[PDB]
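Source file: work.cif (mmCIF, C-alpha atoms)
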```cif
data_run
#
loop_
_atom_site.group_PDB
_atom_site.id
_atom_site.type_symbol
_atom_site.label_atom_id
_atom_site.label_comp_id
_atom_site.auth_asym_id
_atom_site.auth_seq_id
_atom_site.Cartn_x
_atom_site.Cartn_y
_atom_site.Cartn_z
ATOM 1 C CA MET W 1 25.544 -5.126 7.521
ATOM 2 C CA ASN W 2 22.953 -5.279 4.723
ATOM 3 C CA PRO W 3 19.266 -4.807 5.749
ATOM 4 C CA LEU W 4 18.062 -8.319 4.816
ATOM 5 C CA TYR W 5 20.858 -9.860 6.866
ATOM 6 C CA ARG W 6 20.185 -7.535 9.796
ATOM 7 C CA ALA W 7 16.468 -8.359 9.706
ATOM 8 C CA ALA W 8 17.310 -12.071 9.516
ATOM 9 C CA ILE W 9 19.678 -11.871 12.485
ATOM 10 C CA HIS W 10 17.051 -10.039 14.533
ATOM 11 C CA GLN W 11 14.432 -12.690 13.690
ATOM 12 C CA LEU W 12 16.850 -15.429 14.800
ATOM 13 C CA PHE W 13 17.718 -13.671 18.064
ATOM 14 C CA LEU W 14 14.003 -13.197 18.856
ATOM 15 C CA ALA W 15 13.482 -16.943 18.339
ATOM 16 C CA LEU W 16 16.347 -17.497 20.793
ATOM 17 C CA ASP W 17 14.976 -15.087 23.426
ATOM 18 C CA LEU W 18 18.230 -13.147 23.229
ATOM 19 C CA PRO W 19 18.933 -9.431 23.462
ATOM 20 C CA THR W 20 18.997 -8.281 19.858
ATOM 21 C CA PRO W 21 22.592 -7.409 18.828
ATOM 22 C CA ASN W 22 24.628 -5.186 18.812
ATOM 23 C CA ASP W 23 27.288 -3.328 17.006
ATOM 24 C CA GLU W 24 26.920 -3.953 13.310
ATOM 25 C CA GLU W 25 29.613 -6.616 13.612
ATOM 26 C CA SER W 26 28.969 -8.700 10.492
ATOM 27 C CA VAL W 27 30.112 -12.078 11.855
ATOM 28 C CA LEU W 28 28.232 -13.209 14.942
ATOM 29 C CA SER W 29 28.875 -16.148 17.265
ATOM 30 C CA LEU W 30 26.426 -18.185 19.346
ATOM 31 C CA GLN W 31 27.313 -20.827 21.922
ATOM 32 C CA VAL W 32 24.468 -23.333 21.715
ATOM 33 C CA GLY W 33 25.326 -25.899 24.343
ATOM 34 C CA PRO W 34 28.607 -27.599 23.333
ATOM 35 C CA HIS W 35 28.564 -25.933 19.904
ATOM 36 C CA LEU W 36 30.182 -22.621 19.019
ATOM 37 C CA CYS W 37 28.267 -21.467 15.921
ATOM 38 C CA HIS W 38 29.172 -18.630 13.561
ATOM 39 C CA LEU W 39 26.778 -16.580 11.446
ATOM 40 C CA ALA W 40 27.785 -14.409 8.506
ATOM 41 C CA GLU W 41 26.453 -12.831 5.346
ATOM 42 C CA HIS W 42 28.432 -14.660 2.657
ATOM 43 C CA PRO W 43 28.086 -13.799 -0.027
ATOM 44 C CA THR W 44 25.784 -10.745 -0.067
ATOM 45 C CA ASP W 45 22.136 -11.647 0.667
ATOM 46 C CA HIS W 46 23.038 -15.154 1.876
ATOM 47 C CA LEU W 47 22.905 -16.362 5.481
ATOM 48 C CA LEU W 48 25.858 -18.631 6.188
ATOM 49 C CA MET W 49 26.089 -20.660 9.380
ATOM 50 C CA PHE W 50 29.051 -22.806 10.396
ATOM 51 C CA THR W 51 30.649 -24.627 13.308
ATOM 52 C CA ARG W 52 34.141 -26.030 13.710
ATOM 53 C CA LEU W 53 34.228 -29.680 14.714
ATOM 54 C CA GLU W 54 36.410 -30.467 17.751
ATOM 55 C CA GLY W 55 37.733 -33.944 17.002
ATOM 56 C CA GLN W 56 34.500 -35.643 15.952
ATOM 57 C CA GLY W 57 34.656 -38.502 13.487
ATOM 58 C CA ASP W 58 34.116 -38.115 9.747
ATOM 59 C CA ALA W 59 33.494 -41.717 8.785
ATOM 60 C CA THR W 60 29.993 -40.607 7.778
ATOM 61 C CA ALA W 61 31.188 -37.452 5.994
ATOM 62 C CA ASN W 62 30.401 -38.524 2.467
ATOM 63 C CA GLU W 63 26.825 -39.436 3.417
ATOM 64 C CA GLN W 64 26.512 -36.090 5.201
ATOM 65 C CA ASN W 65 27.636 -34.434 1.973
ATOM 66 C CA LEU W 66 24.904 -35.882 -0.241
ATOM 67 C CA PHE W 67 21.891 -33.653 -0.855
ATOM 68 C CA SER W 68 18.570 -34.436 0.813
ATOM 69 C CA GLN W 69 15.108 -32.857 0.512
ATOM 70 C CA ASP W 70 16.206 -30.225 3.021
ATOM 71 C CA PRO W 71 18.351 -27.422 1.472
ATOM 72 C CA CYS W 72 19.552 -26.638 5.011
ATOM 73 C CA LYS W 73 21.134 -30.079 5.520
ATOM 74 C CA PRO W 74 24.655 -29.206 6.673
ATOM 75 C CA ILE W 75 27.725 -29.960 4.590
ATOM 76 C CA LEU W 76 31.051 -31.111 6.114
ATOM 77 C CA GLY W 77 34.146 -29.463 4.667
ATOM 78 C CA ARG W 78 37.791 -28.751 5.519
ATOM 79 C CA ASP W 79 39.897 -25.556 5.462
ATOM 80 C CA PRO W 80 42.814 -26.455 3.122
ATOM 81 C CA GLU W 81 45.366 -24.238 4.887
ATOM 82 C CA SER W 82 44.229 -25.024 8.432
ATOM 83 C CA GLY W 83 43.100 -28.659 8.452
ATOM 84 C CA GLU W 84 40.058 -27.669 10.531
ATOM 85 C CA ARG W 85 36.793 -29.415 9.683
ATOM 86 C CA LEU W 86 33.745 -27.159 9.386
ATOM 87 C CA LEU W 87 30.101 -28.138 9.277
ATOM 88 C CA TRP W 88 28.040 -25.503 7.455
ATOM 89 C CA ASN W 89 24.797 -24.569 5.768
ATOM 90 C CA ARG W 90 23.513 -21.523 3.884
ATOM 91 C CA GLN W 91 20.259 -19.964 2.634
ATOM 92 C CA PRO W 92 19.533 -16.961 0.412
ATOM 93 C CA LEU W 93 17.900 -14.135 2.388
ATOM 94 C CA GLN W 94 15.604 -12.924 -0.399
ATOM 95 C CA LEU W 95 13.309 -15.810 0.517
ATOM 96 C CA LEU W 96 13.148 -16.333 4.295
ATOM 97 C CA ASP W 97 10.855 -16.210 7.302
ATOM 98 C CA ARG W 98 11.849 -16.610 10.978
ATOM 99 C CA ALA W 99 10.801 -20.265 11.188
ATOM 100 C CA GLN W 100 13.132 -20.935 8.262
ATOM 101 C CA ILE W 101 16.007 -18.970 9.861
ATOM 102 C CA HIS W 102 15.655 -20.843 13.159
ATOM 103 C CA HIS W 103 15.395 -24.088 11.182
ATOM 104 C CA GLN W 104 18.797 -23.456 9.608
ATOM 105 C CA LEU W 105 20.421 -23.249 13.016
ATOM 106 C CA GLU W 106 18.447 -26.299 14.264
ATOM 107 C CA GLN W 107 19.862 -28.326 11.362
ATOM 108 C CA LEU W 108 23.397 -27.145 12.027
ATOM 109 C CA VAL W 109 23.373 -28.028 15.747
ATOM 110 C CA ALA W 110 21.603 -31.353 15.088
ATOM 111 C CA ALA W 111 24.160 -32.546 12.536
ATOM 112 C CA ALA W 112 27.068 -31.512 14.761
ATOM 113 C CA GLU W 113 25.581 -33.549 17.617
ATOM 114 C CA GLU W 114 24.635 -36.504 15.463
ATOM 115 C CA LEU W 115 28.044 -36.568 13.713
ATOM 116 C CA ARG W 116 29.092 -39.218 13.044
ATOM 117 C CA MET F 1 5.425 -29.897 -14.330
ATOM 118 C CA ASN F 2 5.829 -26.800 -12.136
ATOM 119 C CA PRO F 3 5.508 -23.850 -14.590
ATOM 120 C CA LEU F 4 8.331 -22.013 -12.794
ATOM 121 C CA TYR F 5 10.668 -24.988 -13.229
ATOM 122 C CA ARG F 6 9.727 -25.349 -16.898
ATOM 123 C CA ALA F 7 10.454 -21.640 -17.392
ATOM 124 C CA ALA F 8 13.884 -21.977 -15.749
ATOM 125 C CA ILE F 9 14.745 -24.979 -17.919
ATOM 126 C CA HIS F 10 13.658 -22.918 -20.955
ATOM 127 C CA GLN F 11 16.096 -20.148 -19.994
ATOM 128 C CA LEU F 12 18.940 -22.651 -19.607
ATOM 129 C CA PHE F 13 18.284 -24.063 -23.055
ATOM 130 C CA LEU F 14 18.423 -20.549 -24.532
ATOM 131 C CA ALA F 15 21.694 -19.978 -22.704
ATOM 132 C CA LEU F 16 23.186 -23.237 -24.013
ATOM 133 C CA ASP F 17 21.650 -22.726 -27.477
ATOM 134 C CA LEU F 18 19.817 -26.071 -27.394
ATOM 135 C CA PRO F 19 16.427 -26.842 -28.961
ATOM 136 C CA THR F 20 13.774 -26.309 -26.258
ATOM 137 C CA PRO F 21 12.690 -29.607 -24.659
ATOM 138 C CA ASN F 22 9.122 -30.748 -24.097
ATOM 139 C CA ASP F 23 7.702 -31.036 -20.595
ATOM 140 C CA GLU F 24 9.553 -34.118 -19.459
ATOM 141 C CA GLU F 25 8.527 -35.340 -16.036
ATOM 142 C CA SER F 26 11.504 -35.983 -13.759
ATOM 143 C CA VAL F 27 15.127 -35.780 -14.782
ATOM 144 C CA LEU F 28 16.645 -33.981 -17.753
ATOM 145 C CA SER F 29 20.145 -34.996 -18.762
ATOM 146 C CA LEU F 30 22.783 -33.031 -20.684
ATOM 147 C CA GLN F 31 26.110 -34.133 -22.149
ATOM 148 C CA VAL F 32 28.640 -31.358 -21.562
ATOM 149 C CA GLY F 33 31.878 -32.561 -23.080
ATOM 150 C CA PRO F 34 32.749 -35.751 -21.220
ATOM 151 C CA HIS F 35 30.343 -34.894 -18.378
ATOM 152 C CA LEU F 36 26.819 -36.324 -18.220
ATOM 153 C CA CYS F 37 24.804 -33.881 -16.068
ATOM 154 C CA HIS F 38 21.258 -34.213 -14.701
ATOM 155 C CA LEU F 39 18.735 -31.524 -13.691
ATOM 156 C CA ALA F 40 15.700 -31.958 -11.496
ATOM 157 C CA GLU F 41 13.349 -29.958 -9.352
ATOM 158 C CA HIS F 42 14.450 -31.011 -5.864
ATOM 159 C CA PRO F 43 12.942 -30.101 -3.551
ATOM 160 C CA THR F 44 10.005 -28.109 -4.866
ATOM 161 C CA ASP F 45 11.070 -24.659 -6.143
ATOM 162 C CA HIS F 46 14.772 -25.562 -6.253
ATOM 163 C CA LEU F 47 16.875 -26.709 -9.204
ATOM 164 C CA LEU F 48 19.305 -29.526 -8.468
ATOM 165 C CA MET F 49 22.134 -30.154 -10.941
ATOM 166 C CA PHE F 50 24.467 -33.109 -10.578
ATOM 167 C CA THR F 51 26.873 -35.454 -12.288
ATOM 168 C CA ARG F 52 27.790 -39.023 -11.302
ATOM 169 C CA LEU F 53 31.514 -39.539 -10.803
ATOM 170 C CA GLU F 54 33.455 -42.751 -10.269
ATOM 171 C CA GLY F 55 36.401 -42.564 -7.861
ATOM 172 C CA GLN F 56 37.617 -39.028 -8.500
ATOM 173 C CA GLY F 57 37.557 -36.227 -5.921
ATOM 174 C CA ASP F 58 37.067 -36.327 -2.164
ATOM 175 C CA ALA F 59 33.499 -36.700 -0.837
ATOM 176 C CA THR F 60 34.552 -36.494 2.810
ATOM 177 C CA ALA F 61 35.533 -33.452 4.897
ATOM 178 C CA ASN F 62 37.480 -31.673 2.162
ATOM 179 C CA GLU F 63 38.222 -28.456 0.321
ATOM 180 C CA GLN F 64 35.615 -29.157 -2.360
ATOM 181 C CA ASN F 65 33.012 -29.461 0.410
ATOM 182 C CA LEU F 66 33.929 -26.183 2.103
ATOM 183 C CA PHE F 67 31.841 -23.121 1.260
ATOM 184 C CA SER F 68 33.293 -20.320 -0.870
ATOM 185 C CA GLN F 69 31.814 -16.965 -1.885
ATOM 186 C CA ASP F 70 29.938 -18.690 -4.745
ATOM 187 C CA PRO F 71 26.818 -20.637 -3.665
ATOM 188 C CA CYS F 72 26.941 -22.654 -6.920
ATOM 189 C CA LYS F 73 30.269 -24.245 -5.942
ATOM 190 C CA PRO F 74 29.284 -27.899 -6.056
ATOM 191 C CA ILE F 75 29.392 -30.435 -3.248
ATOM 192 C CA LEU F 76 30.717 -34.009 -3.516
ATOM 193 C CA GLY F 77 28.654 -36.565 -1.624
ATOM 194 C CA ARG F 78 27.689 -40.205 -1.792
ATOM 195 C CA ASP F 79 24.516 -42.259 -1.615
ATOM 196 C CA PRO F 80 25.175 -44.815 1.155
ATOM 197 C CA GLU F 81 22.874 -47.421 -0.461
ATOM 198 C CA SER F 82 24.123 -47.582 -4.068
ATOM 199 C CA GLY F 83 27.512 -46.156 -3.167
ATOM 200 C CA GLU F 84 27.184 -43.757 -6.100
ATOM 201 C CA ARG F 85 29.278 -40.604 -5.751
ATOM 202 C CA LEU F 86 27.512 -37.451 -6.968
ATOM 203 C CA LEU F 87 28.897 -33.943 -7.502
ATOM 204 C CA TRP F 88 25.953 -31.540 -7.142
ATOM 205 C CA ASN F 89 24.731 -28.029 -6.610
ATOM 206 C CA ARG F 90 21.339 -26.399 -6.064
ATOM 207 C CA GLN F 91 19.662 -23.036 -6.553
ATOM 208 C CA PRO F 92 16.210 -21.712 -5.695
ATOM 209 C CA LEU F 93 14.154 -21.014 -8.829
ATOM 210 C CA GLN F 94 13.528 -17.462 -7.486
ATOM 211 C CA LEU F 95 17.190 -16.584 -8.107
ATOM 212 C CA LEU F 96 17.663 -18.257 -11.477
ATOM 213 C CA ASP F 97 17.519 -15.927 -14.431
ATOM 214 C CA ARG F 98 19.296 -16.927 -17.663
ATOM 215 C CA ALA F 99 22.771 -15.857 -16.543
ATOM 216 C CA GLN F 100 22.467 -17.465 -13.147
ATOM 217 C CA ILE F 101 21.180 -20.847 -14.357
ATOM 218 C CA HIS F 102 23.982 -20.885 -16.936
ATOM 219 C CA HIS F 103 26.401 -20.059 -14.104
ATOM 220 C CA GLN F 104 25.079 -22.924 -11.945
ATOM 221 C CA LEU F 105 25.779 -25.510 -14.621
ATOM 222 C CA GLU F 106 29.160 -23.978 -15.434
ATOM 223 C CA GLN F 107 30.364 -24.185 -11.836
ATOM 224 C CA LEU F 108 29.208 -27.815 -11.682
ATOM 225 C CA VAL F 109 31.121 -28.665 -14.853
ATOM 226 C CA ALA F 110 34.161 -26.634 -13.773
ATOM 227 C CA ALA F 111 34.602 -28.826 -10.704
ATOM 228 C CA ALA F 112 33.968 -32.006 -12.664
ATOM 229 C CA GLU F 113 36.745 -30.952 -15.079
ATOM 230 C CA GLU F 114 39.230 -30.330 -12.283
ATOM 231 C CA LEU F 115 38.620 -33.538 -10.317
ATOM 232 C CA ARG F 116 41.135 -36.399 -10.608
ATOM 233 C CA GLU Q 28 20.205 -22.791 25.756
ATOM 234 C CA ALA Q 29 21.949 -20.125 23.656
ATOM 235 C CA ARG Q 30 24.360 -17.270 24.407
ATOM 236 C CA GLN Q 31 26.052 -14.732 22.137
ATOM 237 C CA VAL Q 32 29.852 -14.731 22.470
ATOM 238 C CA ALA Q 33 32.817 -12.996 20.840
ATOM 239 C CA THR Q 34 33.821 -14.199 17.377
ATOM 240 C CA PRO Q 35 37.335 -15.691 17.251
ATOM 241 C CA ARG Q 36 39.591 -14.048 14.655
ATOM 242 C CA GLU Q 37 39.919 -17.194 12.532
ATOM 243 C CA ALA Q 38 36.138 -17.550 12.292
ATOM 244 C CA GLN Q 39 35.993 -13.962 11.036
ATOM 245 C CA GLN Q 40 38.493 -14.868 8.317
ATOM 246 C CA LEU Q 41 36.700 -18.089 7.371
ATOM 247 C CA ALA Q 42 33.381 -16.262 7.094
ATOM 248 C CA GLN Q 43 34.632 -14.217 4.132
ATOM 249 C CA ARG Q 44 36.820 -16.778 2.351
ATOM 250 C CA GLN Q 45 37.174 -16.220 -1.414
ATOM 251 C CA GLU Q 46 38.270 -18.691 -4.072
ATOM 252 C CA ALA Q 47 39.364 -17.538 -7.537
ATOM 253 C CA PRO Q 48 36.634 -17.662 -10.228
ATOM 254 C CA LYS Q 49 36.644 -20.816 -12.324
ATOM 255 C CA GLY Q 50 35.061 -22.191 -15.475
ATOM 256 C CA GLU Q 51 34.898 -18.867 -17.280
ATOM 257 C CA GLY Q 52 34.006 -19.656 -20.912
ATOM 258 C CA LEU Q 53 34.036 -23.391 -20.063
ATOM 259 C CA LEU Q 54 30.477 -24.218 -21.204
ATOM 260 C CA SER Q 55 31.083 -22.433 -24.546
ATOM 261 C CA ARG Q 56 34.337 -24.343 -25.021
ATOM 262 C CA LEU Q 57 33.044 -27.868 -24.226
ATOM 263 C CA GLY Q 58 29.642 -27.467 -25.882
ATOM 264 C CA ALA Q 59 26.421 -29.104 -24.700
ATOM 265 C CA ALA Q 60 23.810 -31.441 -26.166
ATOM 266 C CA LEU Q 61 20.669 -33.130 -24.887
ATOM 267 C CA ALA Q 62 21.430 -36.643 -23.670
ATOM 268 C CA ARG Q 63 19.419 -39.871 -23.766
ATOM 269 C CA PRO Q 64 20.967 -42.049 -21.075
ATOM 270 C CA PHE Q 65 19.814 -45.584 -20.124
ATOM 271 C CA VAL Q 66 16.217 -45.698 -18.935
ATOM 272 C CA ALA Q 67 17.617 -47.481 -15.894
ATOM 273 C CA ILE Q 68 19.559 -44.385 -14.845
ATOM 274 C CA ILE Q 69 16.513 -42.139 -15.258
ATOM 275 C CA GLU Q 70 14.211 -44.449 -13.302
ATOM 276 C CA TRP Q 71 16.762 -44.921 -10.510
ATOM 277 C CA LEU Q 72 17.368 -41.172 -10.290
ATOM 278 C CA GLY Q 73 13.609 -40.772 -9.869
ATOM 279 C CA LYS Q 74 13.609 -43.140 -6.912
ATOM 280 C CA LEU Q 75 16.691 -41.514 -5.416
ATOM 281 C CA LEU Q 76 15.125 -38.059 -5.664
ATOM 282 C CA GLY Q 77 11.755 -39.239 -4.354
#
```
If you convert what's in this file into C-alpha cells, what do you get?
Amino acid sequence: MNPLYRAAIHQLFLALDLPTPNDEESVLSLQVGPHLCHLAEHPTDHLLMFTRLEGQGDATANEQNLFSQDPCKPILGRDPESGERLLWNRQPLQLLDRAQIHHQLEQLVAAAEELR
Amino acid sequence: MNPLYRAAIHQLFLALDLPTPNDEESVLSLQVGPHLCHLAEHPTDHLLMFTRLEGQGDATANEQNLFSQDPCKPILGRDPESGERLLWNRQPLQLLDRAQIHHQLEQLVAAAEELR
Amino acid sequence: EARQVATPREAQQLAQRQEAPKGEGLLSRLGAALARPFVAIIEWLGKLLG
C-alpha cells in the first residue's frame, strides 16, 4: 500500500465514521446499503472505485458513459471474460482532499441507485 | 485562456512537431490520420480529448468502457440530445508533461483505429 | 450506513486488471496536422461543453 493511497483510504474511513483499516490489504470493500463497493489503487497513485451491478438495466448506459463536468461521474463497463457489468470511477491521488475522496464514493453509489 | 492549459497545449504541439497555435478560446481540433480529434479544458484544470464517431464501437456496458491500468484508455459515450457518439479521455493538467499529453492523444487515437 | 466487508476474490482480480499496451509509435506513423473544421462543429462543441 503506497502512502498516498493509505492516507486517502484513512480520510475516506474518517468521513464514514468507520474504524480505520486494517491490514495493508490493497483492495478494500464497503457495503453501502444495497451496494458492495470496491476500492483499489490502480494504477499507482490512482484511487479506483467500482461496484458490480446485480441485474440492473443498461438502457441508459451510453448516456452514463458520456463525460460531464464532474470527473468522478461513474462509467459503466463490462468484464469481457465474465460478462459482469461494473460501474466505476477513478481519481489521481496526487491532487485530493477528503471532501473529494468522499465525493467519489457519493457519485458511485448515486449512479448505481439511479441506474437506469 | 488558463495559462496552465495554454502551456499544456504548447507541450503537445512540441510533441507532435506542429507550429505552436495562438490562444484560441474553446476547442482546438487536430487531424490525426483519418481521425478528427478535439481538445478542450473541461472542466477547469483538466484536458478533455475526444473524437466523434459514427456507428462504430460499443457505447454501452462494454469492454471499451471498463477501466484498465491506463487512465488514458478512452471511454465511448453518447450525447442523448444530438445522439452524437464521442470517444473521449481526460487528464488533469497537473499530470500532463510532454510525454503524458502525447500519451493521452495516442491512446485516444489507438482506440479510434481499432473500432469497427 | 456503511460497513467494511471482506473482498471477494474476483473483485481482487478485477482491481488489478491489465490490458496489453497499444498505439506504440501510432502518432508518429499517422502524422498530425492542425484542423479547421466547420464553424458549426466548433460552436456546437462549445455549447455541449458549456
Practice task
Translate the PyMOL selection byres ((chain F) within 7 of (chain Q)), as applied to the file shown, into an explicit residue set as a PyMOL selection string.
Solution key: chain F and resi 16+18+26-27+29-33+68-69+106-107+110
Problem - Pick from W:116, W:98, W:103, W:52 nearest to residue 7 of chain W, counting all atoms listed in the file - result: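 Looking only at the distances to residue 7 of chain W, the closest residue turns out to be W:98.
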Practice task
Evaluate the PyMOL selection byres ((chain W) within 6 of (chain F)) on the structure here and hand back the selected residues as number ranges by chain.
Solution key: W: 43, 61-63, 65-66, 69, 76-78, 80
Problem - Picked residues, the PyMOL selection byres ((chain Q and resi 32) around 10), expected as a ChimeraX atom specification - result: /W:28-31,36-38 /Q:29-31,33-35
Exercise for the section: Tell me, in Å to one decimal, how far atom CA of residue 115 of chain W is from atom CA of residue 47 of chain W. Expected result: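 Rounded to one decimal, the two atoms are 22.4 Å apart.
Once chain F has been superposed on chain W by least squares across all Cα atoms, the two differ by an RMSD of 1.6 Å.
Across the model, the gap from atom CA of residue 56 of chain W to atom CA of residue 108 of chain F is 29.2 Å.
What separates atom CA of residue 55 of chain W from atom CA of residue 40 of chain Q is a distance of 21.0 Å.
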Problem - Among listed residues W:23, W:45, W:9, W:40, nearest residue 93 of chain W (using all atoms listed in the file) - result: W:45
So which residues are close to (20.1, -21.7, -21.0), meaning at most 10 Å away in the file's coordinates with only C-alpha atoms counted, and can you show them as a short mmCIF file (atom, residue, chain, number, x, y, z; two decimals) with C-alpha atoms, in the coordinates of the input?
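Saved file out.cif follows:
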```cif
data_model
loop_
_atom_site.label_atom_id
_atom_site.label_comp_id
_atom_site.auth_asym_id
_atom_site.auth_seq_id
_atom_site.Cartn_x
_atom_site.Cartn_y
_atom_site.Cartn_z
CA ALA F 8 13.88 -21.98 -15.75
CA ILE F 9 14.74 -24.98 -17.92
CA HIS F 10 13.66 -22.92 -20.96
CA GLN F 11 16.10 -20.15 -19.99
CA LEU F 12 18.94 -22.65 -19.61
CA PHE F 13 18.28 -24.06 -23.06
CA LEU F 14 18.42 -20.55 -24.53
CA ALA F 15 21.69 -19.98 -22.70
CA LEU F 16 23.19 -23.24 -24.01
CA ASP F 17 21.65 -22.73 -27.48
CA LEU F 18 19.82 -26.07 -27.39
CA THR F 20 13.77 -26.31 -26.26
CA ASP F 97 17.52 -15.93 -14.43
CA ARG F 98 19.30 -16.93 -17.66
CA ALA F 99 22.77 -15.86 -16.54
CA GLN F 100 22.47 -17.46 -13.15
CA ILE F 101 21.18 -20.85 -14.36
CA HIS F 102 23.98 -20.88 -16.94
CA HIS F 103 26.40 -20.06 -14.10
CA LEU F 105 25.78 -25.51 -14.62
#
```
Exercise for the section: Could you tell me which of W:2, W:57, W:34, W:96 comes closest to residue 109 of chain W if we count all atoms listed in the file? Expected result: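 The shortest atom-to-atom distance to residue 109 of chain W comes from W:34.
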